[PDB]
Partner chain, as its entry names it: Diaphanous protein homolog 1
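To begin, one chain is listed below as structure tokens, in the form deposited without its partner chain.
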């Protein structure tokens, strides 16, 4: 089996931990969500290769932010997340996440991930964003950002419905390889 280190980053509450959990446990967490997922190695088969993915969760609330840069050494692939229900989180991709990741992880491939895709057509989300003269992130905007930061790929998923979750890790593995 091939061994790869994956680091997930992006704005607070954009769904990083839930994404890791749904991929690892095949269940969206109702009941409890930790700030960061437990130390975990996932198994995935991609293109007839067995690979082990160390899943490094990160966060931003006070202490985890200082811990975050210490997590970048020897990363093989980055999941760089924003939430489709948060245009703000998308704008933070070129302003915060890409400068940080490019600094600590030169040459490391990035999968730009649009989380919470289930909220794109959500009435409540649309009404809330409408008061800001905003709307959920369009897939074309996701793609354009991926192009702009020279991501390896752009993917959308919903940890909540599981839609697209497996492909995120499959693409990340292919990049990591």
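Residue numbers count along the first chain shown, from 1.
There is another form of the same protein, the form solved in complex with its partner chain; it is not shown, and what comes next is about it.
- This chain is displayed alone, yet in the deposited bound form one of 40, 64, 28, 152 has a heavy atom within 4.5 Å of its partner chain; that residue is 64.
- Distance criterion of 4.5 Å from any heavy atom to its partner chain in the deposited bound form singles out 36 from the list 129, 44, 54, 36.
- Proximity of 87, 120 and 122 to its partner chain in the deposited bound form is absent: no residue of the three has a non-hydrogen atom within 4.5 angstroms.
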